[PDB]
Structure formats: structure tokens, C-alpha cells
file structure-v2.pdb (PDB, N, CA and C atoms)
ATOM      1  N   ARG A   1      10.904  -7.047  -6.981
ATOM      2  CA  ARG A   1       9.758  -7.688  -7.690
ATOM      3  C   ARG A   1       8.445  -7.003  -7.299
ATOM      4  N   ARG A   2       7.450  -7.080  -8.140
ATOM      5  CA  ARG A   2       6.147  -6.432  -7.816
ATOM      6  C   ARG A   2       5.200  -7.443  -7.165
ATOM      7  N   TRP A   3       4.325  -6.984  -6.313
ATOM      8  CA  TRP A   3       3.372  -7.916  -5.644
ATOM      9  C   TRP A   3       2.439  -7.135  -4.717
ATOM     10  N   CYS A   4       1.186  -7.032  -5.071
ATOM     11  CA  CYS A   4       0.227  -6.281  -4.208
ATOM     12  C   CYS A   4       0.662  -4.821  -4.082
ATOM     13  N   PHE A   5      -0.278  -3.920  -4.059
ATOM     14  CA  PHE A   5       0.072  -2.475  -3.937
ATOM     15  C   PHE A   5      -0.703  -1.840  -2.779
ATOM     16  N   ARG A   6      -0.017  -1.198  -1.874
ATOM     17  CA  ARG A   6      -0.716  -0.559  -0.722
ATOM     18  C   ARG A   6      -0.532   0.959  -0.764
ATOM     19  N   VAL A   7      -1.599   1.698  -0.622
ATOM     20  CA  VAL A   7      -1.488   3.184  -0.652
ATOM     21  C   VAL A   7      -1.289   3.726   0.766
ATOM     22  N   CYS A   8      -0.224   4.444   0.993
ATOM     23  CA  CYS A   8       0.023   4.998   2.355
ATOM     24  C   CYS A   8      -0.479   6.443   2.438
ATOM     25  N   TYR A   9      -0.642   6.962   3.626
ATOM     26  CA  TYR A   9      -1.131   8.365   3.758
ATOM     27  C   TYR A   9      -0.032   9.261   4.335
ATOM     28  N   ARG A  10       0.696   9.940   3.491
ATOM     29  CA  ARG A  10       1.781  10.831   3.992
ATOM     30  C   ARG A  10       2.754  10.039   4.869
ATOM     31  N   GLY A  11       3.402   9.057   4.308
ATOM     32  CA  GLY A  11       4.367   8.247   5.103
ATOM     33  C   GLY A  11       3.653   7.614   6.299
ATOM     34  N   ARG A  12       2.350   7.558   6.270
ATOM     35  CA  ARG A  12       1.608   6.948   7.413
ATOM     36  C   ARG A  12       0.188   6.561   6.985
ATOM     37  N   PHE A  13      -0.385   5.583   7.632
ATOM     38  CA  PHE A  13      -1.762   5.143   7.268
ATOM     39  C   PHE A  13      -1.751   4.507   5.881
ATOM     40  N   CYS A  14      -1.666   3.212   5.826
ATOM     41  CA  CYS A  14      -1.642   2.524   4.506
ATOM     42  C   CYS A  14      -2.822   1.567   4.369
ATOM     43  N   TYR A  15      -3.219   1.297   3.159
ATOM     44  CA  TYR A  15      -4.361   0.367   2.933
ATOM     45  C   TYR A  15      -3.912  -0.788   2.040
ATOM     46  N   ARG A  16      -3.190  -1.719   2.592
ATOM     47  CA  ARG A  16      -2.710  -2.870   1.778
ATOM     48  C   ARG A  16      -3.829  -3.378   0.865
ATOM     49  N   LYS A  17      -3.480  -3.971  -0.244
ATOM     50  CA  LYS A  17      -4.523  -4.489  -1.174
ATOM     51  C   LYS A  17      -3.887  -5.399  -2.226
ATOM     52  N   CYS A  18      -4.090  -6.682  -2.108
ATOM     53  CA  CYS A  18      -3.497  -7.626  -3.099
ATOM     54  C   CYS A  18      -4.581  -8.152  -4.045
ATOM     55  N   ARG A  19      -4.282  -8.241  -5.313
ATOM     56  CA  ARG A  19      -5.295  -8.747  -6.283
ATOM     57  C   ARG A  19      -4.608  -9.204  -7.573
TER      58      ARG A  19
END
call {"tool": "encode", "arguments": {"input": "structure-v2.pdb", "output": "C-alpha cells"}}
result
Amino acid sequence: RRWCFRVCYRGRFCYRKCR
């Protein structure tokens, strides 16, 4: 299921973000 999208940085460093 889909829910909030977080961008990771090269398999590391992610910026969760729900909206």
C-alpha cells in the first residue's frame, strides 16, 4: 500500500515526508 514518501540518499540519508 502507498503512504508517505521519503527520499533516501544513495541507500542512505532519507528525508521522510508525509502529506
call {"tool": "resolve_selection", "arguments": {"input": "structure-v2.pdb", "expression": "the PyMOL selection byres ((chain A and resi 16) around 7)", "output": "PyMOL selection string"}}
result
chain A and resi 4-7+14-15+17-18
call {"tool": "select_by_dssp", "arguments": {"input": "structure-v2.pdb", "residues": "chain A", "states": "strand (DSSP E or B)", "output": "number ranges by chain"}}
result
A: 7-8, 14-15
call {"tool": "axis_aligned_box", "arguments": {"input": "structure-v2.pdb", "around": "range 1-13 of chain A", "padding_each_side": "6 Å", "output": "AutoDock Vina command-line options"}}
result
--center_x 4.6 --center_y 1.5 --center_z -0.3 --size_x 24.7 --size_y 30.7 --size_z 27.8
call {"tool": "atom_distance", "arguments": {"input": "structure-v2.pdb", "atom1": "CA of residue 19 in chain A", "atom2": "atom N of residue 1 in chain A"}}
result
16.3 Å
call {"tool": "build_atoms", "arguments": {"input": "structure-v2.pdb", "residues": "range 4-19 of chain A", "atoms": "N, CA, C and O atoms", "output": "PDB file, in the frame of the given file"}}
result
ATOM      1  N   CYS A   4       1.186  -7.032  -5.071  1.00  0.00           N
ATOM      2  CA  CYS A   4       0.227  -6.281  -4.208  1.00  0.00           C
ATOM      3  C   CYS A   4       0.662  -4.821  -4.082  1.00  0.00           C
ATOM      4  O   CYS A   4       1.835  -4.513  -4.005  1.00  0.00           O
ATOM      5  N   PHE A   5      -0.278  -3.920  -4.059  1.00  0.00           N
ATOM      6  CA  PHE A   5       0.072  -2.475  -3.937  1.00  0.00           C
ATOM      7  C   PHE A   5      -0.703  -1.840  -2.779  1.00  0.00           C
ATOM      8  O   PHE A   5      -1.913  -1.932  -2.706  1.00  0.00           O
ATOM      9  N   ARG A   6      -0.017  -1.198  -1.874  1.00  0.00           N
ATOM     10  CA  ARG A   6      -0.716  -0.559  -0.722  1.00  0.00           C
ATOM     11  C   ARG A   6      -0.532   0.959  -0.764  1.00  0.00           C
ATOM     12  O   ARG A   6       0.564   1.458  -0.920  1.00  0.00           O
ATOM     13  N   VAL A   7      -1.599   1.698  -0.622  1.00  0.00           N
ATOM     14  CA  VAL A   7      -1.488   3.184  -0.652  1.00  0.00           C
ATOM     15  C   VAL A   7      -1.289   3.726   0.766  1.00  0.00           C
ATOM     16  O   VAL A   7      -2.092   3.495   1.647  1.00  0.00           O
ATOM     17  N   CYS A   8      -0.224   4.444   0.993  1.00  0.00           N
ATOM     18  CA  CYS A   8       0.023   4.998   2.355  1.00  0.00           C
ATOM     19  C   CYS A   8      -0.479   6.443   2.438  1.00  0.00           C
ATOM     20  O   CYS A   8      -0.718   7.083   1.434  1.00  0.00           O
ATOM     21  N   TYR A   9      -0.642   6.962   3.626  1.00  0.00           N
ATOM     22  CA  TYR A   9      -1.131   8.365   3.758  1.00  0.00           C
ATOM     23  C   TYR A   9      -0.032   9.261   4.335  1.00  0.00           C
ATOM     24  O   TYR A   9       0.154   9.340   5.531  1.00  0.00           O
ATOM     25  N   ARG A  10       0.696   9.940   3.491  1.00  0.00           N
ATOM     26  CA  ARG A  10       1.781  10.831   3.992  1.00  0.00           C
ATOM     27  C   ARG A  10       2.754  10.039   4.869  1.00  0.00           C
ATOM     28  O   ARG A  10       2.918  10.317   6.041  1.00  0.00           O
ATOM     29  N   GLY A  11       3.402   9.057   4.308  1.00  0.00           N
ATOM     30  CA  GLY A  11       4.367   8.247   5.103  1.00  0.00           C
ATOM     31  C   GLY A  11       3.653   7.614   6.299  1.00  0.00           C
ATOM     32  O   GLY A  11       4.280   7.177   7.244  1.00  0.00           O
ATOM     33  N   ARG A  12       2.350   7.558   6.270  1.00  0.00           N
ATOM     34  CA  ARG A  12       1.608   6.948   7.413  1.00  0.00           C
ATOM     35  C   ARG A  12       0.188   6.561   6.985  1.00  0.00           C
ATOM     36  O   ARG A  12      -0.376   7.136   6.076  1.00  0.00           O
ATOM     37  N   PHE A  13      -0.385   5.583   7.632  1.00  0.00           N
ATOM     38  CA  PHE A  13      -1.762   5.143   7.268  1.00  0.00           C
ATOM     39  C   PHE A  13      -1.751   4.507   5.881  1.00  0.00           C
ATOM     40  O   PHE A  13      -1.812   5.183   4.873  1.00  0.00           O
ATOM     41  N   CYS A  14      -1.666   3.212   5.826  1.00  0.00           N
ATOM     42  CA  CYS A  14      -1.642   2.524   4.506  1.00  0.00           C
ATOM     43  C   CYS A  14      -2.822   1.567   4.369  1.00  0.00           C
ATOM     44  O   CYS A  14      -3.361   1.076   5.341  1.00  0.00           O
ATOM     45  N   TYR A  15      -3.219   1.297   3.159  1.00  0.00           N
ATOM     46  CA  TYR A  15      -4.361   0.367   2.933  1.00  0.00           C
ATOM     47  C   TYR A  15      -3.912  -0.788   2.040  1.00  0.00           C
ATOM     48  O   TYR A  15      -4.209  -0.830   0.862  1.00  0.00           O
ATOM     49  N   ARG A  16      -3.190  -1.719   2.592  1.00  0.00           N
ATOM     50  CA  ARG A  16      -2.710  -2.870   1.778  1.00  0.00           C
ATOM     51  C   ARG A  16      -3.829  -3.378   0.865  1.00  0.00           C
ATOM     52  O   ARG A  16      -4.999  -3.234   1.162  1.00  0.00           O
ATOM     53  N   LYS A  17      -3.480  -3.971  -0.244  1.00  0.00           N
ATOM     54  CA  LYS A  17      -4.523  -4.489  -1.174  1.00  0.00           C
ATOM     55  C   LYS A  17      -3.887  -5.399  -2.226  1.00  0.00           C
ATOM     56  O   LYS A  17      -3.220  -4.947  -3.135  1.00  0.00           O
ATOM     57  N   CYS A  18      -4.090  -6.682  -2.108  1.00  0.00           N
ATOM     58  CA  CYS A  18      -3.497  -7.626  -3.099  1.00  0.00           C
ATOM     59  C   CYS A  18      -4.581  -8.152  -4.045  1.00  0.00           C
ATOM     60  O   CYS A  18      -5.676  -8.474  -3.631  1.00  0.00           O
ATOM     61  N   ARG A  19      -4.282  -8.241  -5.313  1.00  0.00           N
ATOM     62  CA  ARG A  19      -5.295  -8.747  -6.283  1.00  0.00           C
ATOM     63  C   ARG A  19      -4.608  -9.204  -7.573  1.00  0.00           C
ATOM     64  O   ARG A  19      -3.669  -8.583  -8.034  1.00  0.00           O
TER      65      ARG A  19
END
